[PDB]
Amino acid sequence: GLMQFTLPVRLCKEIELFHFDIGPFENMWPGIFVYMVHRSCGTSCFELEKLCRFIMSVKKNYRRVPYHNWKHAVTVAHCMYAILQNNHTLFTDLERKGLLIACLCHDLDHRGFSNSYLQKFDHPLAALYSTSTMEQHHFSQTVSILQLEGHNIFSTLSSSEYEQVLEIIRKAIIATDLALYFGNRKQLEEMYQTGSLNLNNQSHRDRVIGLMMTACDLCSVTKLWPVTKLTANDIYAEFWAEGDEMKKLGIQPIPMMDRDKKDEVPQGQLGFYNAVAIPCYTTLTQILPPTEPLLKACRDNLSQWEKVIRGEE
Ligand SMILES: O=C(Nc1ccn2nc(-c3ccccc3)nc2c1)c1ccnc(Cl)c1
Ligand SMILES: [Mg+2]
Ligand SMILES: [Zn+2]
């Protein structure tokens with residue numbers, strides 16, 4: 001009850017900043033997550049014994065893949081923490097509980113492969129879930145872990161509060177399917193500009209939480225250049241392995257996944273910043289002004305990829 005987590009001074013200060021990197025010491029990441037729940041939510045939100053058992057089972061169900069791993073889960077949770085702390089009064093108690101858990105759980109049991117690769121492989125998950133294939137799996141795995149004996153962190157919620165929280169988590173996790181991001185943001189862009197955006201309209205909140213989830217999920221592009229550049233290697237290591245597996249199915253992969261086309265990566269990063277990341281953080285900033293530092297960091301990294309192309313690195 002009186003048992004805070006407390007981080008060293010540099011982490012205690014930097015963890016509050018959007019661009020914080022959780023560092024290479026795997027064994028600190030659980031305490032970092034508990035620290036964030038305690039400050040974001042309260043020391044009463046969860047039974048520490050049950051939270052700790054939930055965190056360690058979630059970790060166990062992330063695989064040893066180059067990018068979609070336990071570090072990404074915690075990184076994406078930290079960006080949600082930073083958004084919630086900079087927007088104190090905008091979110092319900094349930095939302096603060098639900099979203100940190102949604103982020104930790106959003107890529108559970110990822111194999112390093114896209115929804116497209118599962119569909120072309122004809123993987124059993126593509127028959128079970130025809131759209132947002134991996135994302136419906138990640139939610140399924142979240143519910144499974146919540147139902148292990150001793151792992152129900154939501155047990156002290158009323159029946160209907162419990163239903164609302166699992167529904168916040170389900171939508172949050174589905175929204176991380178980037179296929180859905182384009183339409184979500186266009187709708188949010190129209191609503192903001194015609195002034196119809198209403199945060200008391202549940203279907204509007206859902207959309208805003210969806211964009212937050214895209215923003216946290218993409219937050220590798222909002223770090224300092226050296227973190228962003230080195231994370232890109234992990235991202236492409238998965239993409240190129242998927243490319244290899246496309247060639248094994250007798251299918252030329254898109255260039256993004258073809259290791260023969262490394263030379264074209266800088267221009268491909270540009271496209272991605274221009275078509276996905278910048279628009280994402282721009283609309284987020286319009287809706288939630290204190291998230292401007294994510295847009296600023298993203299723009300700095302666009303400019304660093306522009307320098308890469310001009311042979312200045
Ligand atoms: O980098 C990310 N996504 C993209 C998107 C489109 N392209 N296209 C190329 C590309 C490369 C070579 C040749 C032509 C095109 N490179 C990328 C990388 C990414 C994904 C998920 N999460 C994060 Cl944080 C970042
Ligand atoms: Mg995902
Ligand atoms: Zn993710």
# chains A, B, ... in the order shown; residues from 1 in each chain; ligands from 1
>>> residues_near_ligand(ligand="ligand 3", cutoff="7 Å", atoms="only C-alpha atoms and all ligand atoms", output="PyMOL selection string")
chain A and resi 68+72-73+106-107+176+217
>>> write_last_selection(atoms="C-alpha atoms", output="PDB file, in the first residue's frame")
ATOM      1  CA  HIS A  68       7.715  -6.464 -32.252  1.00  0.00           C
ATOM      2  CA  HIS A  72       8.282  -2.201 -28.067  1.00  0.00           C
ATOM      3  CA  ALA A  73       5.351  -3.039 -25.722  1.00  0.00           C
ATOM      4  CA  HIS A 106      -1.114  -4.382 -28.117  1.00  0.00           C
ATOM      5  CA  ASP A 107       1.371  -6.704 -29.946  1.00  0.00           C
ATOM      6  CA  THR A 176      -3.086  -0.288 -33.959  1.00  0.00           C
ATOM      7  CA  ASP A 217       2.686   2.710 -31.675  1.00  0.00           C
TER       8      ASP A 217
END
>>> residues_around(residues="residue 99 (chain A)", least_positions_apart="2", cutoff="8 Å", atoms="only C-alpha atoms", output="number ranges by chain")
A: 80, 95-97, 101-103, 168-169, 172
>>> write_last_selection(atoms="C-alpha atoms", output="mmCIF file, in the first residue's frame")
data_model
loop_
_atom_site.group_PDB
_atom_site.id
_atom_site.type_symbol
_atom_site.label_atom_id
_atom_site.label_comp_id
_atom_site.auth_asym_id
_atom_site.auth_seq_id
_atom_site.Cartn_x
_atom_site.Cartn_y
_atom_site.Cartn_z
ATOM 1 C CA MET A 80 0.737 6.687 -23.737
ATOM 2 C CA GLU A 95 -9.434 5.138 -19.597
ATOM 3 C CA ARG A 96 -6.120 5.707 -17.713
ATOM 4 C CA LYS A 97 -6.277 2.080 -16.393
ATOM 5 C CA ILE A 101 -2.639 -2.007 -20.271
ATOM 6 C CA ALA A 102 -3.834 -1.829 -23.936
ATOM 7 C CA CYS A 103 -0.408 -0.493 -25.013
ATOM 8 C CA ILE A 168 -11.597 0.375 -24.277
ATOM 9 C CA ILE A 169 -8.716 -2.203 -24.604
ATOM 10 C CA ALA A 172 -7.379 0.503 -28.620
#
>>> closest_atom_pairs(of="region 131-222 of chain A", to="region 40-51 of chain A", cutoff="8 Å", atoms="only C-alpha atoms", output="Markdown table")
| residue | atom | partner | partner_atom | distance |
| --- | --- | --- | --- | --- |
| A:150 | CA | A:50 | CA | 5.9 |
| A:151 | CA | A:50 | CA | 5.3 |
| A:152 | CA | A:50 | CA | 6.8 |
| A:153 | CA | A:46 | CA | 5.7 |
| A:154 | CA | A:46 | CA | 7.2 |
>>> write_last_selection(atoms="C-alpha atoms", output="PDB file, in the first residue's frame")
ATOM      1  CA  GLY A 150      -4.244 -14.592  -9.983  1.00  0.00           C
ATOM      2  CA  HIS A 151      -3.874 -12.359 -13.154  1.00  0.00           C
ATOM      3  CA  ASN A 152      -7.225 -10.486 -13.094  1.00  0.00           C
ATOM      4  CA  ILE A 153      -5.996  -6.920 -12.370  1.00  0.00           C
ATOM      5  CA  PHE A 154      -9.558  -5.617 -13.009  1.00  0.00           C
TER       6      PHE A 154
END
>>> closest_residue(among="A:55, A:218, A:294, A:257", to="ligand 2", atoms="only C-alpha atoms and all ligand atoms")
A:218
>>> residues_near_ligand(ligand="ligand 1", cutoff="7 Å", atoms="only C-alpha atoms and all ligand atoms", output="JSON, numbers by chain")
{"A": [217, 218, 219, 220, 221, 232, 235, 255, 256, 261, 262, 264, 265, 267, 268, 269, 271, 272]}
>>> write_last_selection(atoms="C-alpha atoms", output="short mmCIF file (atom, residue, chain, number, x, y, z; two decimals), in the first residue's frame")
data_model
loop_
_atom_site.label_atom_id
_atom_site.label_comp_id
_atom_site.auth_asym_id
_atom_site.auth_seq_id
_atom_site.Cartn_x
_atom_site.Cartn_y
_atom_site.Cartn_z
CA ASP A 217 2.69 2.71 -31.68
CA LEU A 218 4.73 4.87 -34.13
CA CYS A 219 6.66 6.71 -31.32
CA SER A 220 10.06 5.27 -32.45
CA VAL A 221 9.96 8.16 -35.05
CA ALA A 232 14.98 1.54 -38.02
CA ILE A 235 12.12 -2.50 -38.11
CA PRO A 255 10.46 -2.90 -52.00
CA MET A 256 10.09 -2.04 -48.24
CA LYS A 261 16.63 -2.60 -52.12
CA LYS A 262 18.40 -1.25 -48.91
CA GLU A 264 15.92 2.90 -51.37
CA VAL A 265 15.33 3.04 -47.52
CA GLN A 267 13.41 7.74 -49.63
CA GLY A 268 11.02 5.11 -48.16
CA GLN A 269 11.43 6.65 -44.67
CA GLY A 271 7.30 8.65 -47.77
CA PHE A 272 6.38 7.11 -44.41
#
>>> closest_atom_pairs(of="chain A", to="ligand 2", cutoff="12 Å", atoms="only C-alpha atoms and all ligand atoms", output="JSON lines")
{"residue": "A:62", "atom": "CA", "partner": "ligand 2", "partner_atom_place_in_ligand_line": "1 (Mg)", "distance": 11.7}
{"residue": "A:67", "atom": "CA", "partner": "ligand 2", "partner_atom_place_in_ligand_line": "1 (Mg)", "distance": 10.5}
{"residue": "A:68", "atom": "CA", "partner": "ligand 2", "partner_atom_place_in_ligand_line": "1 (Mg)", "distance": 7.4}
{"residue": "A:69", "atom": "CA", "partner": "ligand 2", "partner_atom_place_in_ligand_line": "1 (Mg)", "distance": 10.3}
{"residue": "A:72", "atom": "CA", "partner": "ligand 2", "partner_atom_place_in_ligand_line": "1 (Mg)", "distance": 9.8}
{"residue": "A:73", "atom": "CA", "partner": "ligand 2", "partner_atom_place_in_ligand_line": "1 (Mg)", "distance": 9.6}
{"residue": "A:76", "atom": "CA", "partner": "ligand 2", "partner_atom_place_in_ligand_line": "1 (Mg)", "distance": 10.6}
{"residue": "A:102", "atom": "CA", "partner": "ligand 2", "partner_atom_place_in_ligand_line": "1 (Mg)", "distance": 11.4}
{"residue": "A:103", "atom": "CA", "partner": "ligand 2", "partner_atom_place_in_ligand_line": "1 (Mg)", "distance": 9.9}
{"residue": "A:104", "atom": "CA", "partner": "ligand 2", "partner_atom_place_in_ligand_line": "1 (Mg)", "distance": 11.1}
{"residue": "A:105", "atom": "CA", "partner": "ligand 2", "partner_atom_place_in_ligand_line": "1 (Mg)", "distance": 9.7}
{"residue": "A:106", "atom": "CA", "partner": "ligand 2", "partner_atom_place_in_ligand_line": "1 (Mg)", "distance": 6.2}
{"residue": "A:107", "atom": "CA", "partner": "ligand 2", "partner_atom_place_in_ligand_line": "1 (Mg)", "distance": 4.7}
{"residue": "A:108", "atom": "CA", "partner": "ligand 2", "partner_atom_place_in_ligand_line": "1 (Mg)", "distance": 8.4}
{"residue": "A:109", "atom": "CA", "partner": "ligand 2", "partner_atom_place_in_ligand_line": "1 (Mg)", "distance": 9.9}
{"residue": "A:110", "atom": "CA", "partner": "ligand 2", "partner_atom_place_in_ligand_line": "1 (Mg)", "distance": 7.4}
{"residue": "A:111", "atom": "CA", "partner": "ligand 2", "partner_atom_place_in_ligand_line": "1 (Mg)", "distance": 10.2}
{"residue": "A:112", "atom": "CA", "partner": "ligand 2", "partner_atom_place_in_ligand_line": "1 (Mg)", "distance": 9.4}
{"residue": "A:113", "atom": "CA", "partner": "ligand 2", "partner_atom_place_in_ligand_line": "1 (Mg)", "distance": 9.6}
{"residue": "A:114", "atom": "CA", "partner": "ligand 2", "partner_atom_place_in_ligand_line": "1 (Mg)", "distance": 8.5}
{"residue": "A:115", "atom": "CA", "partner": "ligand 2", "partner_atom_place_in_ligand_line": "1 (Mg)", "distance": 9.5}
{"residue": "A:132", "atom": "CA", "partner": "ligand 2", "partner_atom_place_in_ligand_line": "1 (Mg)", "distance": 9.3}
{"residue": "A:133", "atom": "CA", "partner": "ligand 2", "partner_atom_place_in_ligand_line": "1 (Mg)", "distance": 9.9}
{"residue": "A:134", "atom": "CA", "partner": "ligand 2", "partner_atom_place_in_ligand_line": "1 (Mg)", "distance": 6.9}
{"residue": "A:135", "atom": "CA", "partner": "ligand 2", "partner_atom_place_in_ligand_line": "1 (Mg)", "distance": 6.2}
{"residue": "A:136", "atom": "CA", "partner": "ligand 2", "partner_atom_place_in_ligand_line": "1 (Mg)", "distance": 10.0}
{"residue": "A:137", "atom": "CA", "partner": "ligand 2", "partner_atom_place_in_ligand_line": "1 (Mg)", "distance": 10.0}
{"residue": "A:138", "atom": "CA", "partner": "ligand 2", "partner_atom_place_in_ligand_line": "1 (Mg)", "distance": 8.0}
{"residue": "A:139", "atom": "CA", "partner": "ligand 2", "partner_atom_place_in_ligand_line": "1 (Mg)", "distance": 10.6}
{"residue": "A:172", "atom": "CA", "partner": "ligand 2", "partner_atom_place_in_ligand_line": "1 (Mg)", "distance": 11.0}
{"residue": "A:173", "atom": "CA", "partner": "ligand 2", "partner_atom_place_in_ligand_line": "1 (Mg)", "distance": 7.9}
{"residue": "A:174", "atom": "CA", "partner": "ligand 2", "partner_atom_place_in_ligand_line": "1 (Mg)", "distance": 8.7}
{"residue": "A:175", "atom": "CA", "partner": "ligand 2", "partner_atom_place_in_ligand_line": "1 (Mg)", "distance": 9.2}
{"residue": "A:176", "atom": "CA", "partner": "ligand 2", "partner_atom_place_in_ligand_line": "1 (Mg)", "distance": 5.6}
{"residue": "A:177", "atom": "CA", "partner": "ligand 2", "partner_atom_place_in_ligand_line": "1 (Mg)", "distance": 6.2}
{"residue": "A:178", "atom": "CA", "partner": "ligand 2", "partner_atom_place_in_ligand_line": "1 (Mg)", "distance": 8.2}
{"residue": "A:179", "atom": "CA", "partner": "ligand 2", "partner_atom_place_in_ligand_line": "1 (Mg)", "distance": 10.8}
{"residue": "A:180", "atom": "CA", "partner": "ligand 2", "partner_atom_place_in_ligand_line": "1 (Mg)", "distance": 11.9}
{"residue": "A:213", "atom": "CA", "partner": "ligand 2", "partner_atom_place_in_ligand_line": "1 (Mg)", "distance": 10.2}
{"residue": "A:214", "atom": "CA", "partner": "ligand 2", "partner_atom_place_in_ligand_line": "1 (Mg)", "distance": 9.6}
{"residue": "A:216", "atom": "CA", "partner": "ligand 2", "partner_atom_place_in_ligand_line": "1 (Mg)", "distance": 11.2}
{"residue": "A:217", "atom": "CA", "partner": "ligand 2", "partner_atom_place_in_ligand_line": "1 (Mg)", "distance": 7.7}
{"residue": "A:218", "atom": "CA", "partner": "ligand 2", "partner_atom_place_in_ligand_line": "1 (Mg)", "distance": 10.1}
>>> closest_residue(among="A:143, A:308, A:249, A:188", to="residue 280 (chain A)", atoms="only C-alpha atoms")
A:188
>>> residues_around(residues="region 281-288 of chain A", least_positions_apart="2", cutoff="10 Å", atoms="only C-alpha atoms", output="PDB file with N, CA and C atoms, in the first residue's frame")
ATOM      1  N   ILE A  83       1.464  11.034 -22.907  1.00  0.00           N
ATOM      2  CA  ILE A  83       0.236  11.700 -23.439  1.00  0.00           C
ATOM      3  C   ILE A  83      -0.743  11.903 -22.281  1.00  0.00           C
ATOM      4  N   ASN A  86       0.389  14.693 -19.714  1.00  0.00           N
ATOM      5  CA  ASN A  86       0.318  16.052 -20.314  1.00  0.00           C
ATOM      6  C   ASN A  86      -1.148  16.445 -20.612  1.00  0.00           C
ATOM      7  N   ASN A  87      -2.131  15.572 -20.348  1.00  0.00           N
ATOM      8  CA  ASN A  87      -3.576  15.817 -20.610  1.00  0.00           C
ATOM      9  C   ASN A  87      -4.376  15.313 -19.408  1.00  0.00           C
ATOM     10  N   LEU A  90      -8.424  15.322 -19.161  1.00  0.00           N
ATOM     11  CA  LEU A  90      -9.241  14.910 -20.330  1.00  0.00           C
ATOM     12  C   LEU A  90      -9.694  13.447 -20.221  1.00  0.00           C
ATOM     13  N   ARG A 185      -7.981   9.027 -39.188  1.00  0.00           N
ATOM     14  CA  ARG A 185      -7.417  10.381 -39.117  1.00  0.00           C
ATOM     15  C   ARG A 185      -8.214  11.325 -40.037  1.00  0.00           C
ATOM     16  N   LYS A 186      -8.592  10.891 -41.250  1.00  0.00           N
ATOM     17  CA  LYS A 186      -9.377  11.719 -42.207  1.00  0.00           C
ATOM     18  C   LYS A 186     -10.658  12.136 -41.511  1.00  0.00           C
ATOM     19  N   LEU A 188     -11.189  12.309 -38.296  1.00  0.00           N
ATOM     20  CA  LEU A 188     -10.852  13.243 -37.191  1.00  0.00           C
ATOM     21  C   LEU A 188     -10.486  14.631 -37.762  1.00  0.00           C
ATOM     22  N   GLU A 189      -9.827  14.672 -38.918  1.00  0.00           N
ATOM     23  CA  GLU A 189      -9.371  15.905 -39.604  1.00  0.00           C
ATOM     24  C   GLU A 189     -10.650  16.674 -39.990  1.00  0.00           C
ATOM     25  N   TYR A 192     -12.523  17.997 -36.777  1.00  0.00           N
ATOM     26  CA  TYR A 192     -11.827  19.099 -36.059  1.00  0.00           C
ATOM     27  C   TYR A 192     -12.087  20.412 -36.798  1.00  0.00           C
ATOM     28  N   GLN A 193     -11.967  20.390 -38.132  1.00  0.00           N
ATOM     29  CA  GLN A 193     -12.012  21.570 -39.042  1.00  0.00           C
ATOM     30  C   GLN A 193     -13.438  22.107 -39.219  1.00  0.00           C
ATOM     31  N   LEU A 197     -16.071  18.068 -33.724  1.00  0.00           N
ATOM     32  CA  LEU A 197     -15.371  17.166 -32.769  1.00  0.00           C
ATOM     33  C   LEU A 197     -15.962  17.373 -31.375  1.00  0.00           C
ATOM     34  N   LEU A 199     -15.722  15.619 -27.536  1.00  0.00           N
ATOM     35  CA  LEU A 199     -15.079  14.580 -26.671  1.00  0.00           C
ATOM     36  C   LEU A 199     -16.099  13.923 -25.717  1.00  0.00           C
ATOM     37  N   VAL A 208     -10.395   9.370 -31.194  1.00  0.00           N
ATOM     38  CA  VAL A 208      -9.255  10.115 -30.587  1.00  0.00           C
ATOM     39  C   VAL A 208      -8.328   9.114 -29.896  1.00  0.00           C
ATOM     40  N   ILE A 209      -8.906   8.152 -29.176  1.00  0.00           N
ATOM     41  CA  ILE A 209      -8.099   7.076 -28.541  1.00  0.00           C
ATOM     42  C   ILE A 209      -7.414   6.255 -29.639  1.00  0.00           C
ATOM     43  N   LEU A 211      -6.299   7.290 -32.524  1.00  0.00           N
ATOM     44  CA  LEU A 211      -5.170   8.099 -33.064  1.00  0.00           C
ATOM     45  C   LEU A 211      -4.017   8.120 -32.061  1.00  0.00           C
ATOM     46  N   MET A 212      -4.324   8.296 -30.783  1.00  0.00           N
ATOM     47  CA  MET A 212      -3.364   8.160 -29.658  1.00  0.00           C
ATOM     48  C   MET A 212      -2.612   6.824 -29.795  1.00  0.00           C
ATOM     49  N   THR A 214      -2.235   4.944 -32.508  1.00  0.00           N
ATOM     50  CA  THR A 214      -1.333   5.018 -33.669  1.00  0.00           C
ATOM     51  C   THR A 214      -0.078   5.814 -33.265  1.00  0.00           C
ATOM     52  N   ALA A 215      -0.246   6.929 -32.544  1.00  0.00           N
ATOM     53  CA  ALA A 215       0.863   7.844 -32.179  1.00  0.00           C
ATOM     54  C   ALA A 215       1.856   7.111 -31.275  1.00  0.00           C
ATOM     55  N   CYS A 216       1.358   6.419 -30.250  1.00  0.00           N
ATOM     56  CA  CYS A 216       2.217   5.678 -29.298  1.00  0.00           C
ATOM     57  C   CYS A 216       2.912   4.557 -30.074  1.00  0.00           C
ATOM     58  N   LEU A 218       3.733   4.393 -33.141  1.00  0.00           N
ATOM     59  CA  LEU A 218       4.733   4.873 -34.132  1.00  0.00           C
ATOM     60  C   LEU A 218       5.863   5.640 -33.438  1.00  0.00           C
ATOM     61  N   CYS A 219       5.897   5.695 -32.093  1.00  0.00           N
ATOM     62  CA  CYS A 219       6.657   6.709 -31.317  1.00  0.00           C
ATOM     63  C   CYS A 219       8.176   6.548 -31.509  1.00  0.00           C
ATOM     64  N   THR A 222       9.673   9.510 -32.979  1.00  0.00           N
ATOM     65  CA  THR A 222       9.550  10.740 -32.152  1.00  0.00           C
ATOM     66  C   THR A 222      10.690  10.784 -31.130  1.00  0.00           C
ATOM     67  N   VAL A 276       2.326   9.077 -43.328  1.00  0.00           N
ATOM     68  CA  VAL A 276       1.763   8.449 -42.093  1.00  0.00           C
ATOM     69  C   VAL A 276       2.089   9.251 -40.841  1.00  0.00           C
ATOM     70  N   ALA A 277       3.365   9.355 -40.493  1.00  0.00           N
ATOM     71  CA  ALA A 277       3.802   9.834 -39.161  1.00  0.00           C
ATOM     72  C   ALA A 277       3.431  11.311 -38.971  1.00  0.00           C
ATOM     73  N   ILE A 278       3.878  12.202 -39.856  1.00  0.00           N
ATOM     74  CA  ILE A 278       3.638  13.683 -39.702  1.00  0.00           C
ATOM     75  C   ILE A 278       2.137  13.962 -39.628  1.00  0.00           C
ATOM     76  N   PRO A 279       1.330  13.486 -40.589  1.00  0.00           N
ATOM     77  CA  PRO A 279      -0.127  13.656 -40.498  1.00  0.00           C
ATOM     78  C   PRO A 279      -0.726  13.176 -39.168  1.00  0.00           C
ATOM     79  N   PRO A 290      -1.004  19.691 -25.826  1.00  0.00           N
ATOM     80  CA  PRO A 290       0.244  19.303 -25.152  1.00  0.00           C
ATOM     81  C   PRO A 290       1.064  18.136 -25.772  1.00  0.00           C
ATOM     82  N   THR A 291       0.615  17.519 -26.871  1.00  0.00           N
ATOM     83  CA  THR A 291       1.361  16.439 -27.573  1.00  0.00           C
ATOM     84  C   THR A 291       2.223  17.021 -28.696  1.00  0.00           C
ATOM     85  N   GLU A 292       2.375  18.349 -28.719  1.00  0.00           N
ATOM     86  CA  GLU A 292       3.170  19.024 -29.786  1.00  0.00           C
ATOM     87  C   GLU A 292       4.622  18.519 -29.803  1.00  0.00           C
ATOM     88  N   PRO A 293       5.273  18.211 -28.659  1.00  0.00           N
ATOM     89  CA  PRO A 293       6.659  17.744 -28.726  1.00  0.00           C
ATOM     90  C   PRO A 293       6.849  16.487 -29.599  1.00  0.00           C
ATOM     91  N   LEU A 294       5.828  15.612 -29.705  1.00  0.00           N
ATOM     92  CA  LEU A 294       5.902  14.396 -30.553  1.00  0.00           C
ATOM     93  C   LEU A 294       5.993  14.850 -31.999  1.00  0.00           C
ATOM     94  N   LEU A 295       5.171  15.817 -32.410  1.00  0.00           N
ATOM     95  CA  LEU A 295       5.229  16.366 -33.798  1.00  0.00           C
ATOM     96  C   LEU A 295       6.589  17.026 -34.072  1.00  0.00           C
ATOM     97  N   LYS A 296       7.069  17.793 -33.113  1.00  0.00           N
ATOM     98  CA  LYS A 296       8.355  18.503 -33.263  1.00  0.00           C
ATOM     99  C   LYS A 296       9.489  17.463 -33.459  1.00  0.00           C
ATOM    100  N   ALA A 297       9.522  16.392 -32.646  1.00  0.00           N
ATOM    101  CA  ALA A 297      10.584  15.348 -32.712  1.00  0.00           C
ATOM    102  C   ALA A 297      10.468  14.619 -34.051  1.00  0.00           C
ATOM    103  N   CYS A 298       9.239  14.372 -34.473  1.00  0.00           N
ATOM    104  CA  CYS A 298       8.996  13.672 -35.752  1.00  0.00           C
ATOM    105  C   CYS A 298       9.557  14.527 -36.886  1.00  0.00           C
ATOM    106  N   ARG A 299       9.244  15.823 -36.883  1.00  0.00           N
ATOM    107  CA  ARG A 299       9.759  16.751 -37.930  1.00  0.00           C
ATOM    108  C   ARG A 299      11.294  16.769 -37.892  1.00  0.00           C
TER     109      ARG A 299
END
>>> atom_distance(atom1="CA of residue 131 (chain A)", atom2="CA of residue 200 (chain A)")
28.8 Å
>>> closest_residue(among="A:204, A:259, A:59, A:120", to="residue 33 (chain A)", atoms="only C-alpha atoms")
A:59
>>> atom_distance(atom1="CA of residue 226 (chain A)", atom2="CA of residue 70 (chain A)")
20.4 Å
>>> select_by_dssp(residues="region 130-293 of chain A", states="alpha helix (DSSP H)", output="PyMOL selection string")
chain A and resi 133-146+159-174+178-193+202-217+225-248+265-272+278-287+292-293
>>> residues_around(residues="residue 145 (chain A)", least_positions_apart="4", cutoff="9 Å", atoms="only C-alpha atoms", output="JSON, numbers by chain")
{"A": [54, 57, 58, 140, 141, 149, 151, 152]}
>>> atom_distance(atom1="CA of residue 3 (chain A)", atom2="CA of residue 34 (chain A)")
11.1 Å
>>> residues_around(residues="residue 20 (chain A)", least_positions_apart="2", cutoff="9 Å", atoms="only C-alpha atoms", output="ChimeraX atom specification")
/A:11,14-18,22-23,75,78-79,223-224
>>> write_last_selection(atoms="N, CA, C and O atoms", output="PDB file, in the first residue's frame")
ATOM      1  N   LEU A  11      16.323   8.906 -14.681  1.00  0.00           N
ATOM      2  CA  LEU A  11      15.113   8.231 -15.224  1.00  0.00           C
ATOM      3  C   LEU A  11      13.861   8.920 -14.669  1.00  0.00           C
ATOM      4  O   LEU A  11      12.884   9.180 -15.433  1.00  0.00           O
ATOM      5  N   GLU A  14      13.692  12.194 -16.947  1.00  0.00           N
ATOM      6  CA  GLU A  14      13.567  11.923 -18.401  1.00  0.00           C
ATOM      7  C   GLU A  14      12.295  11.109 -18.695  1.00  0.00           C
ATOM      8  O   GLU A  14      11.772  11.250 -19.816  1.00  0.00           O
ATOM      9  N   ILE A  15      11.801  10.277 -17.779  1.00  0.00           N
ATOM     10  CA  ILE A  15      10.628   9.409 -18.072  1.00  0.00           C
ATOM     11  C   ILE A  15       9.388  10.267 -18.374  1.00  0.00           C
ATOM     12  O   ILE A  15       8.427   9.731 -18.957  1.00  0.00           O
ATOM     13  N   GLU A  16       9.407  11.542 -17.994  1.00  0.00           N
ATOM     14  CA  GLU A  16       8.232  12.431 -18.090  1.00  0.00           C
ATOM     15  C   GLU A  16       8.210  13.016 -19.489  1.00  0.00           C
ATOM     16  O   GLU A  16       7.151  13.533 -19.869  1.00  0.00           O
ATOM     17  N   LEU A  17       9.348  12.965 -20.176  1.00  0.00           N
ATOM     18  CA  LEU A  17       9.532  13.537 -21.524  1.00  0.00           C
ATOM     19  C   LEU A  17       9.068  12.532 -22.582  1.00  0.00           C
ATOM     20  O   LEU A  17       9.274  11.297 -22.402  1.00  0.00           O
ATOM     21  N   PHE A  18       8.514  13.025 -23.689  1.00  0.00           N
ATOM     22  CA  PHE A  18       7.963  12.167 -24.758  1.00  0.00           C
ATOM     23  C   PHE A  18       9.104  11.316 -25.319  1.00  0.00           C
ATOM     24  O   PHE A  18       8.856  10.172 -25.654  1.00  0.00           O
ATOM     25  N   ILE A  22      13.714   3.698 -22.928  1.00  0.00           N
ATOM     26  CA  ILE A  22      13.627   2.911 -21.667  1.00  0.00           C
ATOM     27  C   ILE A  22      14.959   2.176 -21.374  1.00  0.00           C
ATOM     28  O   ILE A  22      15.059   1.532 -20.328  1.00  0.00           O
ATOM     29  N   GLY A  23      15.950   2.272 -22.250  1.00  0.00           N
ATOM     30  CA  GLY A  23      17.308   1.752 -21.998  1.00  0.00           C
ATOM     31  C   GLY A  23      17.425   0.248 -22.256  1.00  0.00           C
ATOM     32  O   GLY A  23      16.430  -0.456 -22.497  1.00  0.00           O
ATOM     33  N   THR A  75       7.847   0.512 -24.581  1.00  0.00           N
ATOM     34  CA  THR A  75       8.089   1.804 -25.265  1.00  0.00           C
ATOM     35  C   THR A  75       6.739   2.449 -25.617  1.00  0.00           C
ATOM     36  O   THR A  75       6.543   3.672 -25.416  1.00  0.00           O
ATOM     37  N   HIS A  78       5.014   3.721 -22.662  1.00  0.00           N
ATOM     38  CA  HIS A  78       5.606   4.945 -22.069  1.00  0.00           C
ATOM     39  C   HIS A  78       5.053   6.169 -22.827  1.00  0.00           C
ATOM     40  O   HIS A  78       4.734   7.136 -22.189  1.00  0.00           O
ATOM     41  N   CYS A  79       4.935   6.117 -24.146  1.00  0.00           N
ATOM     42  CA  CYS A  79       4.378   7.240 -24.954  1.00  0.00           C
ATOM     43  C   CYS A  79       2.928   7.531 -24.530  1.00  0.00           C
ATOM     44  O   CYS A  79       2.578   8.707 -24.461  1.00  0.00           O
ATOM     45  N   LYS A 223      11.656   9.879 -31.261  1.00  0.00           N
ATOM     46  CA  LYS A 223      12.829   9.821 -30.342  1.00  0.00           C
ATOM     47  C   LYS A 223      13.966  10.694 -30.898  1.00  0.00           C
ATOM     48  O   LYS A 223      13.883  11.221 -32.035  1.00  0.00           O
ATOM     49  N   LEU A 224      15.035  10.826 -30.133  1.00  0.00           N
ATOM     50  CA  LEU A 224      16.207  11.557 -30.657  1.00  0.00           C
ATOM     51  C   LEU A 224      16.771  10.737 -31.809  1.00  0.00           C
ATOM     52  O   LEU A 224      16.582   9.488 -31.831  1.00  0.00           O
TER      53      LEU A 224
END
>>> closest_residue(among="A:191, A:36, A:275, A:28", to="residue 4 (chain A)", atoms="only C-alpha atoms")
A:36
>>> residues_around(residues="residue 306 (chain A)", least_positions_apart="6", cutoff="9 Å", atoms="only C-alpha atoms", output="PyMOL selection string")
chain A and resi 266-267+270+312
>>> decode(residues="region 46-59 of chain A", atoms="C-alpha atoms", output="mmCIF file, in the first residue's frame")
data_model
loop_
_atom_site.group_PDB
_atom_site.id
_atom_site.type_symbol
_atom_site.label_atom_id
_atom_site.label_comp_id
_atom_site.auth_asym_id
_atom_site.auth_seq_id
_atom_site.Cartn_x
_atom_site.Cartn_y
_atom_site.Cartn_z
ATOM 1 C CA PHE A 46 -4.256 -2.517 -9.271
ATOM 2 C CA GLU A 47 -3.173 -5.036 -6.590
ATOM 3 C CA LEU A 48 0.677 -4.949 -6.951
ATOM 4 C CA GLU A 49 0.886 -8.803 -6.570
ATOM 5 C CA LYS A 50 -1.676 -9.268 -9.448
ATOM 6 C CA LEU A 51 -0.170 -6.456 -11.609
ATOM 7 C CA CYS A 52 3.376 -7.993 -11.296
ATOM 8 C CA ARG A 53 2.021 -11.433 -12.229
ATOM 9 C CA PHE A 54 0.111 -9.874 -15.214
ATOM 10 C CA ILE A 55 3.267 -7.913 -16.421
ATOM 11 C CA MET A 56 5.489 -11.039 -16.232
ATOM 12 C CA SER A 57 2.938 -13.233 -18.146
ATOM 13 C CA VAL A 58 2.593 -10.489 -20.802
ATOM 14 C CA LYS A 59 6.408 -10.340 -21.153
#
